[PDB]
Amino acid sequence: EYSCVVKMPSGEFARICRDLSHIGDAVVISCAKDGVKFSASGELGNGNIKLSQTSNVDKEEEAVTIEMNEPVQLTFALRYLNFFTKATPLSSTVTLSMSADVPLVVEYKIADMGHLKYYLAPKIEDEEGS
Amino acid sequence: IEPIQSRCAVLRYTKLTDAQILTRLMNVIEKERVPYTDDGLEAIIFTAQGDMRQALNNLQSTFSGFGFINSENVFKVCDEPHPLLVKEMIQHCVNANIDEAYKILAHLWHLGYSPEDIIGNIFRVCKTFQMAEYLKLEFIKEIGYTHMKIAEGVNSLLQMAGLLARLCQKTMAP
Amino acid sequence: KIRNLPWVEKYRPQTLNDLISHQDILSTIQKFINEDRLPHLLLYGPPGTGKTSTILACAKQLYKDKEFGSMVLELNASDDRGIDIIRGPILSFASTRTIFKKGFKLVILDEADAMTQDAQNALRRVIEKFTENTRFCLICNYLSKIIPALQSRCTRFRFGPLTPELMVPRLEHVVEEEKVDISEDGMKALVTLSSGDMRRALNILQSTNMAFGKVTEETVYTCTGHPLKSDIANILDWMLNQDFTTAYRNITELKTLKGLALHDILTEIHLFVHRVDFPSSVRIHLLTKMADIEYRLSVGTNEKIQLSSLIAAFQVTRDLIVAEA
Amino acid sequence: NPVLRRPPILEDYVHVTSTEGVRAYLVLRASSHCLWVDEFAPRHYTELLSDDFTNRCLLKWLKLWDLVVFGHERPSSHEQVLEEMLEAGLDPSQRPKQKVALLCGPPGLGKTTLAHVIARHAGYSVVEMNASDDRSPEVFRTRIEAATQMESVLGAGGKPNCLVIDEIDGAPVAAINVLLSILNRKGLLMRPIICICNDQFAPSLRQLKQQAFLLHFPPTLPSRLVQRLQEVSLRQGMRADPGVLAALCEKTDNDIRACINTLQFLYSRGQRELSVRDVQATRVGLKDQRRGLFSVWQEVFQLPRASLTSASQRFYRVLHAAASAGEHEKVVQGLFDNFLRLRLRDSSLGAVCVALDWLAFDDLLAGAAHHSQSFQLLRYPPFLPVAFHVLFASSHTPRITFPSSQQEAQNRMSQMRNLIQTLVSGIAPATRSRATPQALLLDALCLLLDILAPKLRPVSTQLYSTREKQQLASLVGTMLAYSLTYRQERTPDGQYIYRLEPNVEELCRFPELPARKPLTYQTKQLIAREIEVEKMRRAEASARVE
Amino acid sequence: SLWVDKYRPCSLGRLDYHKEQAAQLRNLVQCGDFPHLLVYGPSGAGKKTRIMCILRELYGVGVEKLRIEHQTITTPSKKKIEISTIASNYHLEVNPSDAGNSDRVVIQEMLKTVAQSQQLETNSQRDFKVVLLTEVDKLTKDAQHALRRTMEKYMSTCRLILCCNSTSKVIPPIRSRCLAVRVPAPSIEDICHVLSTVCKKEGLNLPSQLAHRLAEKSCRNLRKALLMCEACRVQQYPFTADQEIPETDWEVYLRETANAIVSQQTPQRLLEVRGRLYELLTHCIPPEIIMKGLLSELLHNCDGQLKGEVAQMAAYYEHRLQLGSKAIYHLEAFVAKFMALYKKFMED
Amino acid sequence: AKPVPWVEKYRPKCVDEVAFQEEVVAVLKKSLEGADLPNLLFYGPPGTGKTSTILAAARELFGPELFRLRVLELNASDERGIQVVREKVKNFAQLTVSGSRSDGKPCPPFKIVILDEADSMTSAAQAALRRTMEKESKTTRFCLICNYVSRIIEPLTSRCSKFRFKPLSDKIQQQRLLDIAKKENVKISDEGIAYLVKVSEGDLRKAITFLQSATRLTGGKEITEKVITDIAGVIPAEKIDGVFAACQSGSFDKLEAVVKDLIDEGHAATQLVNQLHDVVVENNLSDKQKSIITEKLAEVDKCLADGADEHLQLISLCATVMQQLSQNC
DNA sequence: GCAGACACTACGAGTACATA
Ligand SMILES: Nc1ncnc2c1ncn2[C@@H]1O[C@H](COP(=O)(O)OP(=O)(O)OP(O)(O)=S)[C@@H](O)[C@H]1O
Ligand SMILES: Nc1ncnc2c1ncn2[C@@H]1O[C@H](COP(=O)(O)OP(=O)(O)OP(O)(O)=S)[C@@H](O)[C@H]1O
Ligand SMILES: Nc1ncnc2c1ncn2[C@@H]1O[C@H](COP(=O)(O)OP(=O)(O)OP(O)(O)=S)[C@@H](O)[C@H]1O
Ligand SMILES: Nc1ncnc2c1ncn2[C@@H]1O[C@H](COP(=O)(O)OP(=O)(O)O)[C@@H](O)[C@H]1O
Ligand SMILES: [Mg+2]
Ligand SMILES: [Mg+2]
Ligand SMILES: [Mg+2]
């Protein structure tokens, strides 16, 4: 059972992963009850974007929703997320699943034939002891 | 390249003699009203080393800093050339005299010369020194072996003294 | 106001009167500035002697604070100084007039030995063509890495090593401006361990004052880790007076007791090997062996074996010196 | 004496004690409008200054095109191959079999002059394409195709176009490929092409040297050059003896243009008579020549025949020749490959040992300069050839060969590494991790081939014993484990053979090693058939399991 | 499958020799906080077998299911270099020396990406991953200087098992960071026992004298001993006590090369010997092994008062060969110096 | 709850946990109070605590939240070319010093650039650091860490304050090892800890690794001298006596036999050089023989440091000591 | 108003050399 399951548009997620490519080589995904936050801290500066409460749209594929409770903050590589977003137009939506130690799961429900899952392990956290 | 030198007349200029530098310097002195002595102009000619730019620069520096041209006013701002003492230390290394060679090496070390400049002048003197050819090749090989250590990071007075000791050992070992 | 700076940058000679040693060169440069006859300069010498400080004091004396950014172009080894920079920003700076006030401009090229030979060959006609408009100052540590064409165009000043007689009053000024309790042997140890360098004398002074709170001979030689003169005399006496085992035990106990390093021992023994009236055949062998031992310590090599070889180089020549008589 | 038995009275002292415990003490304390080369340039065939054999060969080669260019049947050692190629006949396309003439030699001989004079003499119009053009392959193609594949715009009576390509050795390799493609279009080439270079041994011209009429220029004769300079001085009203003209000729290394420019500078109008000391001075007329590799090796390995007898002058001359030659690594390889072929007088091999020490010094300097990025160590390897001149200088006539051993060994080592990687990539990854390729090469190759080659009679497996069938099963199991197989190979002698598809025998076997019995053709064909039926049986067994 | 791979032990309890070290290695890796390991010993001792037994002891039996993974790495000179890697679902096996002088680019880029990332499944896999750096003695010092902070920063999630032959080629910063595990070569009795057990599992009979001669000729190399025993089984099924054992061609070629050296001392013979040494360097034989074989064959022909000088010359030119880049210069210099010494000894 | 090796579990989190390096620890503790921290150059043998001291100092100065904004740590595991120094290091040094500690502790007004393993940097990349260190000294600090100070250029030597990390003495190393063994509920005898601090030779990382591996091998019972000799790779004295007897024999066949037996047992040549050196300096040989033999030992150690073959260097050393031992016979 | 053609600079790629 994942500590955070969210739903996003596919092309919007591809644009989100592409916008953080020019900033840093490793991105930070945070998922609280508010929504999903993308960060990219580098030598230039932090690029932080958020998506929350986009259920008031005519299209059913733009509903950015939260489905779990426990907030997570995990650092992932950029190239693997770009290769994950290379398979966008198969499905209208995409599902992101995260937890404290479980890897990031990127799920596409490809039409009626079947589904595709991506598992990305997080990065090793820095020595941030007090 | 050879086609361009074939397509032109290749004029070659040699180093200016002391009289040729002295004539132009006396023209500049009479144009500028620079008071001088003969030992001062001799020191300027000695520090120029066939360069008219260095002669004019040293003359202008001495005249601006002191206002008179004698030997000590020139040498308070200018410097004696490096190979003029490097030739003497190489000559001392040829006769296996390590004490005078180390005296010249320590005099060059206390003047602030880096080991790279010192070993470059040592190679420059040993390239055109007047000695035996096989001894010259052994000297050049020992200089290159020391310069590899100088370039790799270890560069102290002990390394240059060891180079001088090896050059003096090459004489006594046929 | 109080600032958190290293003492080599907090205490910098902002004027030409605050530098200590090269009085003839600084007097000549001051008379160049006062008569507006400043040529292209070539400052060379060992590190820490005050060349960058000299040219920065000259640039602050020549130009005011309201025009310093348009008259001075300072480029160093941290900047890109390729041939496209000589053909680009440097040539455009040299060939154009000023913005605010009429005057001659200055292009400071710190660490000029780090420039490529293409850039140095491109700089020649930039220096010679715009002599009236701009002036160039090349500063280097190694004069051999500057081409002779640039050495001809710039008059050269040898900023030689700072003599310890003239290094003392500047250190006294730094001490009295920092409230440091220092003895005479502490100042003597500072000017001995500096060896013609005022960076290393300020660094060692600040490090000793932070580590111990007082600056004496023992505190300086403990913070630096350098062996004392008596330790080197004892090591030489043990290597020349007794057999291999007792000398090895005594030098090993002395090194373990005081935490000495073999590089500094080799340097001080090399300095002692010329004061001692050795035979010329003995001195050649000792210098060759000590140079070899110094070369072997530059890699991943056990220092105890090298200490044994340092003892061995003198135990070889003991009977030779004695039987020479 | 530096050592005193008595201690000093006033000076400080330091003790020295030996192993026997006796103390010692030491002290511690338009005639004026043009150049003379352009004024005296040859405009006819009769006033040329080149070699007459080269002039006749170039003229005959250009006259061989009269049957296909002008449409007329009648026009009006190294020498033997040129004379054979001049009389070798024509292709059925009415052309000479060498459609490109290549002119090579040292600068200042008259190669461009000979090409222009021979083109204007045979009724052609010279089309020049030199190194000041763009020389990109598209521009090169659109210039050669314009000059060679079109007729004259003047209609009848217009001169044909003879394309003279100056400085072809500076052209890139793709431009030479464009030239060879337009030379070998079968788009047929109808016009002659003349190429002029200064170095025939350039890497971009070798494929041209297999196809071109290679004309090599010898240096000009000193007598003809002295006579021509005498005629030039008499035309210009200046007096000079033939001795000082021979001194200029030997100073400029038979360079016509350099000698004429030197005379033009040295005469002026102040004086009429040239002096010996003006030519003998180094201030006017001396130029740096690029020495060939063989000339440098001849200077190193052979003494000059008998002032110039001092060893220091020979030292500096060999040093300056090796410095001015260039291509330092080729000189090092030639010295390494030619110094053991001499009749060495050093029977104790001390000179060979110190020469190899100098070679190792060169190698260490190259490694240190390429490691520490300190290239100011690259002043000492120029003293590697001159050191050989002190070691192996002889009055004999050595036969210097071009170095090939360090390149052949490098190519063979690269092919051996490719073969090793090809062998390694075929093994299963379960057994690849158990041994490194180095240990597999050193330990598990010759013994592996001895395992793979048992004593097998040339008989059917049906007549084989159960033990022979088990041995064959083990043999095909260890053959299929390492992905090794036998396939048929063709020979020019007409016999089919069976060979391993990874040919590991050249990895294992050595030339001078005693001969061993190979397997017969029937046994290897049996092994190949058994490995094929074993692969298909393994596929069927894997299908039956899954 | 050969006898070197068919009867390799799978666990630490199935090792025929060094059983006390097997028990100590089982006790060392049981807790999971064991440091980096540096397995060193002579070639053929059983280092890789013990490393794979350590991996079995750590993870499941899934470490025997291996696969080839290809990686492309970009050099600072922008030259794409392909490197193979033995991999499993629990560990990786990298040989960076296949990148040669670019091996540092393997350490700085390929290895750290392994170290900086945690694992996918933490239940079937353990809490850490293992990287096997094979033949770290052939690494350059730049790569070994790139190794140390990667070994120190991420050692709680990536353990490393370096394997080498001599620890003198490993820099002291790397040797300080890892526990050194010495695997000595098996003795003659251990190799005889291993060969007897292999022949008994194959259903054969092996004499003690033949096994002793195989262990003597293999020079305490168990891989070469097993290959020689299988080759002797192939070439003659009845195991005679005085059966002729097959030999490697480069070893007998080295013996013939040293016989050609000692036969005549002339520059023409030196040029022939230089041709033989190129033939040896052509077939990818390392030059230190050529020097060792030349010394081991030339010492059989020298007198008692020359062997020390010949061995000192061999070591001196081996060190100068390691300092340089062209092996043929130092090899021919050693041969020429030996020829001069041999001519001086024989004429006097 | 994952286990962690003891070299990282007992890394000094603060500057008070660093052992025996009293001068640099006192300098950093003065800089913790608010004194002017100069540029640092740490150099010494491996395992003496150069990286741990500066990481503990950075953690004490900036705390957990300011480590990513005030510390730039570059080592030899990443690319440090001329462009990395010219672009990345200079742009980090030109940044503002913003961000304050949330726990109320004081924060110094500078950044720290830790250029660990500065031996591997080229001379051009080290020359590009000079005016970056001098010009940006108001807002950042530099700490070059190396093992050999000769490989760092003299301008960077002059610009930094040099601190040499001595090898740890037996008192401090034994006290720290006994504290670690007390905190891990393992018992080690006095002979075991004496042989451990003899073997480790001032390398505290090697001592902690040996202590952890001896704890894991014995399972938590008493650690004797025998397990330390087993895990330390120490050659027994019987082999050294056999080597010296083979050298005193004067026959090269026995010398080749004992050299091949030591090579086939997998003993490191550095350990053999150390033990032979101790035997040579602790016997009754003459001073000339000891002198020549120790010079050959130093040359052999230098050759092994350059990656030469162990067998040839050991047979050359054995031939030299055999010649010296048979000279007086 | 939008498709086709023109030159424009930024960028990727290959090569050489580095000394007195
Ligand atoms: N003559 C001097 N008088 C006073 N302080 C000096 C002097 N020379 C050096 N210093 C001190 O050293 C600091 C740096 O000196 P620099 O100007 O860098 O010397 P430098 O000789 O130009 O050094 P290099 O060669 O560029 S490393 C100054 O800010 C002072 O703290
Ligand atoms: N017979 C002659 N009398 C006088 N001058 C001549 C004679 N033949 C040639 N020259 C001149 O000598 C030079 C000959 O060189 P060119 O033929 O133009 O070029 P090249 O001989 O191929 O040498 P390179 O390699 O192009 S520098 C030209 O300056 C001619 O004018
Ligand atoms: N002085 C010390 N005080 C306490 N623990 C230490 C000390 N020195 C080393 N250690 C321990 O040993 C480990 C290694 O210390 P490091 O700081 O990495 O050594 P080092 O100076 O970096 O060696 P190099 O030169 O980088 S190989 C640390 O993590 C500590 O556990
Ligand atoms: N305990 C053992 N019992 C039987 N055979 C062994 C044992 N240990 C090793 N071997 C065999 O000896 C050979 C040693 O090779 P390897 O394990 O790769 O060690 P190394 O890496 O030192 O060569 C292997 O082929 C293996 O099959
Ligand atoms: Mg400066
Ligand atoms: Mg021409
Ligand atoms: Mg460290």
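We count from 1, first residue shown onward.
Using the three backbone atoms N, Cα and C, a Cβ is placed for every residue, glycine included.
What Swiss-Prot records for this protein:
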BINDING   C:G45, C:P46, C:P47, C:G48, C:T49, C:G50, C:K51, C:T52  ATP binding site
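With respect to ligand 5, the binding-site residues C:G45, C:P46, C:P47, C:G48, C:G50 contribute no residue with a C-beta closer than 6 angstroms to one of its atoms. Applying an under-8 Å Cβ distance to chain F, the binding-site residues C:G45, C:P47, C:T49, C:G50, C:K51 reduce to C:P47.
Chain B lies within reach of C:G45, C:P46, C:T49, taking the binding-site residues C:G45, C:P46, C:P47, C:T49, C:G50, C:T52 and requiring a CB-CB distance under 8 A. Cβ packing within 10 Å was compared across the binding-site residues C:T49, C:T52, and the lowest neighbour count falls to C:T52.
The ATP site is set by C:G45, C:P46, C:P47, C:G48, C:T49, C:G50, C:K51, C:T52; from the centre of their CB atoms, other residues of the chain with a CB within 8 Å are C:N141, C:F159, C:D197. Contacts of C:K51 (ATP binding site) defined by a Cβ separation under 8 A and a same-chain sequence distance of 6+ are given as C:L43, C:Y44, C:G45, C:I139, C:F159, in order along the sequence.
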